[PDB]
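Residue-level structural notes
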Amino acid sequence: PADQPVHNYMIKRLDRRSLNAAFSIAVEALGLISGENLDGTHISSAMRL
Amino acid sequence: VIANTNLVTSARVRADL
């Protein structure tokens, strides 16, 4: 007698992890970037760059 | 004023005096 085409069934689980990294920024160089008070020359200074 | 290395070569207040 013949044979039948067998097959199997597999169930797998998703194992969860997570990575993280961080940096900072100095309070002295905070307002130097976003601060829109600098009118005419500090907007193209060297320390801003 | 903050310049790079580029180079060239009133009111009436109350007071005592």
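Residues numbered from 1 in each chain as written, not as in the entry; some residues may be left out. Chains lettered and ligands numbered in written order. Part of a larger assembly, values for the part shown. Heavy atoms only, no water.

Header annotation of the entry names cryo-EM as the structure determination method and lists the resolution as 4.53 Å.

Concerning the overall build of chain A
Stated precisely, the cut-off is as follows: Each helix is a run of H or I in the DSSP string that is no shorter than four residues. Each strand is a run of E no shorter than two, and both are numbered from the N terminus. Using a 1.4 Å probe on the protein chains alone, a residue whose accessible area is under 20% of its type maximum counts as buried, one over 50% counts as exposed, and one in between counts as partly exposed. All accessible-area figures derive from a Shrake-Rupley calculation using a 1.4 Å probe, and residue coverage is judged against the displayed protein chains alone. The charged-residue count follows a simple rule in which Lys and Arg add positive charge and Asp and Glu add negative charge, with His and chain termini not counted at all. For this purpose, a charge sits on NZ of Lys, CZ of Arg, CG of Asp or CD of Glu.
Along the backbone of chain A there are 1 helix and 0 strands. In terms of principal-axis extent, the alpha carbons of chain A reach across some 95 × 20 × 15 Å. When the 49 residues of chain A are sorted by exposure, 4% land in the buried category. Total accessible area computed for chain A in this model is approximately 5700 Å², and 56% of it derives from carbon and sulfur atoms. Looking at chain A, you have 5 positive and 5 negative side-chain charges, and the mean spots of the two groups are 15 Å apart.

Considerations on a nonpolar patch on the surface
Residue and element names in this part refer to chain A. How we decide: A patch consists of residues whose relative accessible area exceeds 30% and which take part in no salt bridge; residues with like charges are grouped when within 9 Å of each other, and nonpolar side chains (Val, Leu, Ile, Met, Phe, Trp, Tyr) when within 5 Å. Whenever a carboxyl oxygen of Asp or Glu lies within 4 Å of a side-chain nitrogen of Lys or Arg, that contact is scored as a salt bridge.
Together, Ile 25, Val 27, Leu 30 and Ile 33 give the surface a local cluster of nonpolar side chains, amounting to about 410 Å² of exposed area. Looking at where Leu 30 falls in the secondary structure, it is placed in the segment before α1 (31-34). Judged by its relative accessible area of 39%, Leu 30 falls in the partly exposed class.

Some words on the side chain of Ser45(A)
Cut-off, in case you're wondering: A 3.5 Å cut-off defines polar contacts: any pair of N or O atoms within that distance qualifies, except that in protein one atom must be a possible hydrogen donor and the other a possible acceptor, and neighbouring residues in sequence count only when both atoms are side-chain atoms.
Locating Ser45(A) in the fold gives a position in the segment after α1. Within the local environment of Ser45(A), its side chain forms a polar contact with the backbone nitrogen of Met47(A), the two atoms lying 3.3 Å apart.

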